[PDB]
Amino acid sequence: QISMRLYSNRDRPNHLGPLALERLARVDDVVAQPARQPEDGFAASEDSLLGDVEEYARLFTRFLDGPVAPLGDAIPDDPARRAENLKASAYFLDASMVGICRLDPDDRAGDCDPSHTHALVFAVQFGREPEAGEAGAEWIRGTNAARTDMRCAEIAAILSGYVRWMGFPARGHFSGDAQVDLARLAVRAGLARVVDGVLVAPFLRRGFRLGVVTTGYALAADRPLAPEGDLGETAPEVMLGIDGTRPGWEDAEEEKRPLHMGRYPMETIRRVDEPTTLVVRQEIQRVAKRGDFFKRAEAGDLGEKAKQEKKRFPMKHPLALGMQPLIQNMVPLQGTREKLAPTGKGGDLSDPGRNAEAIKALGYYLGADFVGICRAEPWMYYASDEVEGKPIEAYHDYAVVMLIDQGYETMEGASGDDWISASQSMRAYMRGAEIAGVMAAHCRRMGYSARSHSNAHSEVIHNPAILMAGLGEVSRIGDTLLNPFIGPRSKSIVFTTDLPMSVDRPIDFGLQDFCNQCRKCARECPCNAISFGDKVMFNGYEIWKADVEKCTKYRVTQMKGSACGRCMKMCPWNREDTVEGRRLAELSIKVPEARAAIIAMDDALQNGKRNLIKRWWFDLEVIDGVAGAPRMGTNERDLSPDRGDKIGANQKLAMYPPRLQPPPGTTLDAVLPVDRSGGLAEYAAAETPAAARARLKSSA
Ligand code: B12
Ligand SMILES: *OC(=O)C1(*)(*)=[C][C@](*)(Br)=C(O*)C(*)(*)(Br)=[C]1
Ligand code: SF4
Ligand code: SF4
Ligand code: NA
């Protein structure tokens, strides 16, 4: 596998994007000409997904406009910086290409707010589709303009919302709902040129769709592409991607592998029948959803301050606030628990092996980074809901599990617990919920009960499903599983379904041995919540149990950022997607004698250092509905020194297995103060995985 970047983007600012657009021939202006956006070649069947992407696009269309916050005193005046920040924001949300142009009076002449002076124009490339006769092609064929339009609506809704929260009027636009000429602005803003009356964008050879955010927030504008001849797309520097940009051969190489296999070579990872850590199903008790520690915080179990801050902590930054409406309003579309009758739609659904591939291909098409499938075992479901306290049924047979990468480059510039941390969480949550909502819906159209399980609302615990789906191994971080290619840098989305699918198997890439000789995450945790010691048994399975009380308290109540995820940032497996980055992961996996050295050199080379070039976001905290400079400051953490040879023996953490949780009937209306002293003792009394194995062997 040769398609990864040879060159690092460490010195590339985020506003420049993954493409070498700065190397393309440009002119000051070009003459407008009529043009339309790319469309699908083939039309979409009745047995296709089109209705579902159209529904989510309609949902997001609701947030293209909204209320404008009061203007605070903390927004940068410089339009160049403003432009950079907004381009970076759009790339962070996976715009393919971004540009900015001035609006003229023909543009405001229409329904568009006449206060609007500038447009942020972005393109999203068409998804890859399954080749003909591949599983799921008929689900997907002819849905790409609409699938891509949904993504545009989503991005335009978030970005327009972000600028409105900074105190500037702003409106998002896309094909389904636009007040301006999208194609005309794509050309002016320098993303496309016209060929035979249709837009053609350098680099985006699969076709694409547009979004726009028009606004009075003044921005430095871009220049159009030279209107004729060669733009420089194949120049040697662009082709090799010398500045850290996407290699010219990458698209072609990637199209060589089937869509259903994903971009990362997970087929090269060793599969195993039982997972790499002990799982004793007969001893796994089910947990009240009221024992989720965010619910415990919400109910008063962790004290007043945590209770107060529980709703607010991830929504302190305008960007996150821009996502909130989409996140909350997707919840009613999550789907059904009741058995459905097969509708005959969806093609040949008799091979589970092909259904698995179809579902995978579907997820990758929609933008998942990993897709894995396991049985939705009943102990993966919460025991009861936190609102009424009613039992939750194990209503579906299968879990489809997908990982959304939280973003390497952004996190590289971040402290992990600064003003962007929750935006990295919420982006990944929002994108995952959108994708799983669409896929669950499609399953329903085919007559197979399906429900997604998001941040806002899950009735399963994702972790054991990530494990059983072969998407990660247990890591020291604790309540995070670690994937061999994106490390711990993900959020999962799960949807459960009755659709028959062949299931994946657990993976073994040596992580247990690796984490046994690493402590980096533990050392770098602001509240010392991560264990420096050995794995323990906990509710019938082997785990490194973090202190979820301390972590929750820090994430919810710390005031120098918006939440925390520093532990993902500091992990050696959190690496750049270069040849060297991949080689270090391949070595970690394949060469045990090298692991200690890799661990040590991760620190010697100061990996985890904050990269000032990558800090593209504004430090803004919304207090009382108005964005301002941070009241208490901003975490700007650096690599930390060793804790000691004896820390694993001396650190005492608290654990909260079912016995110390609110029991299965309990609702948010009750308070159960966290029993920290009992949790300390519980941990001290936890059985060792060794002892457990001996114990289980004596009943064999
Ligand atoms: C509440 C919560 C937290 C809380 C409290 C956790 C708690 N124990 O209650 C806190 C604040 C600690 C938290 C923090 C973070 N978590 Co969190 N959070 C959850 C959430 C929303 C609910 C978990 C819950 O229901 N209560 C937990 C009850 C059941 O507690 P538990 O008995 O201790 O079980 C835990 C583990 O042992 C594991 N588990 C349960 N059964 C089994 C069985 C087996 C065999 C195994 C191996 C594991 C396992 O799942 C639970 C995770 O809390 C989930 C989403 C979800 N629906 O699963 C994520 C989730 C676990 N968080 C996630 C992440 C990434 C984080 C953070 C890195 C924050 C961030 N920026 O993204 C940190 C990491 C903390 C750490 N040191 O590991 C991801 C993990 C994804 C992954 N790659 O594995 C999840 C799945 C969200 C998502 N959709 O991706 N989180
Ligand atoms: O429920 C939540 O609000 C929430 C927020 C964030 Br930023 C993270 O990481 C989790 Br886990 C849960
Ligand atoms: S464990 Fe919780 S507190 Fe510690 S770093 Fe990871 S997220 Fe931040
Ligand atoms: S940092 Fe070291 S210990 Fe912590 S998870 Fe990553 S590899 Fe395992
Ligand atoms: Na790293």
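Only one residue in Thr245, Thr214 is out of contact with any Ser or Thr (no Cβ under 7 Å at 6 or more places or on another chain), of a type in the set (S, T, N, Q), in contact (Cβ under 8 Å) with a residue 60 or more places away in the chain and part of a loop (DSSP other than H, G, I, E, B), so which one is that?
Just a single option satisfies the conditions, and that option is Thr245.
Are there any pairs with C-beta distances below 8 angstrom linking a residue in region 559-582 that is without any contact (Cβ under 8 Å) to a residue 40 or more places away in the chain and farther than 14 Å from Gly413 by Cβ to a residue that is outside any loop (DSSP other than H, G, I, E, B) and near ligand 5 (Cβ under 9 Å from one of its atoms), with the two at least 6 apart or on different chains, and if so which?
Here the result reads none, with nothing in region 559-582 linked to a residue that is outside any loop (DSSP other than H, G, I, E, B) and near ligand 5 (Cβ under 9 Å from one of its atoms).
Condition first: within 10 Å of ligand 1 (Cβ to nearest atom), part of a helix (DSSP H, G or I) and touching a helix residue (DSSP H, G or I) at 6+ places or on another chain (Cβ under 6 Å). Can you find one or more residues in region 405-420 that meet it?
Yes, because at least one residue in region 405-420 is within 10 Å of ligand 1 (Cβ to nearest atom), part of a helix (DSSP H, G or I) and touching a helix residue (DSSP H, G or I) at 6+ places or on another chain (Cβ under 6 Å).
If you go through region 527-537 one residue at a time, do you hit one that is assigned to a loop (DSSP other than H, G, I, E, B) and either within 30 Å of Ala356 (Cβ to Cβ) or acidic (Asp, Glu) (or both)?
Taking every residue of region 527-537 in turn, at least one turns out to be assigned to a loop (DSSP other than H, G, I, E, B) and either within 30 Å of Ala356 (Cβ to Cβ) or acidic (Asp, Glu) (or both).
Right, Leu471: away from ligand 3 (no atom under 16 Å from the Cβ) and surrounded by 22 or more Cβ atoms within 10 Å (Cβ to Cβ) or not?
Judged against the criteria, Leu471 is a match.
Just checking, which of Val53, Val98, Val68, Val30 is touching a residue at least 60 places away in the same chain (Cβ under 8 Å), in contact with a helix residue (DSSP H, G or I) (Cβ under 6 Å, 6 or more places away or on another chain), β-branched (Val, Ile, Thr) and part of a loop (DSSP other than H, G, I, E, B)?
Going through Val53, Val98, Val68, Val30 in turn, the sole match is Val68.
Of (1) within 24 Å of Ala88 (Cβ to Cβ); (2) within 16 Å of ligand 1 (Cβ to nearest atom), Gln651 satisfies all except one. Which?
(1)
Only one of (1) in contact with a strand residue (DSSP E or B) (Cβ under 6 Å, 6 or more places away or on another chain); (2) within 16 Å of ligand 2 (Cβ to nearest atom); (3) not hydrophobic (A, V, I, L, M, F, W, C) is not met by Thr496, so which one is it?
All conditions pass for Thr496, except number (2).
Considering only residues of region 61-71 that are closer than 9 Å to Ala153 by Cβ and out of contact with any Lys or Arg (no Cβ under 9 Å at 6 or more places or on another chain), which is surrounded by the fewest Cβ atoms within 10 Å (Cβ to Cβ)?
Within region 61-71, the match that is surrounded by the fewest Cβ atoms within 10 Å (Cβ to Cβ) is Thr61.
Can you tell me which residues in region 422-453 are near ligand 1 (Cβ under 8 Å from one of its atoms), out of contact with any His (no Cβ under 8 Å at 6 or more places or on another chain) and over 30 Å from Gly648 (Cα atoms)?
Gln424, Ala428, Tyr429, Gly432
For the structure I just gave you, tell me whether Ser449 is away from ligand 2 (no atom under 16 Å from the Cβ) and either among the hydroxyl-bearing types (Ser, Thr, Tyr) or assigned by CATH to the domain that holds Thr578 (or both).
yes
Tell me which residues, restricted to region 150-188, are over 28 Å from the mean Cα position of the chain (by Cα) and hydrophobic (A, V, I, L, M, F, W, C).
Once the filter is applied, which keeps residues that are over 28 Å from the mean Cα position of the chain (by Cα) and hydrophobic (A, V, I, L, M, F, W, C), region 150-188 yields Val180, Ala183, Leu185, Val187.
Is it true that some residue in region 579-602 is of a type in the set (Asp, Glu), assigned by CATH to the domain that holds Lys520, within 13 Å of ligand 4 (Cβ to nearest atom) and crowded, with 18+ Cβ neighbours inside 10 Å?
yes
Tell me, which helices (runs of 4 or more DSSP H) wholly within region 266-334 include 1 or more residues that are assigned by CATH to the domain that holds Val371 and more than 25 Å from the chain's Cα centre (by Cα)?
In region 266-334, the matching helices (runs of 4 or more DSSP H) lie at 293-299, 304-309.
Methodologically, a virtual Cβ is constructed for each residue, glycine included, from the backbone with ideal geometry; neighbour enumeration extends over all protein chains shown. All of this is worked out from the model, or read from it or from the source named; nothing here is a laboratory result.
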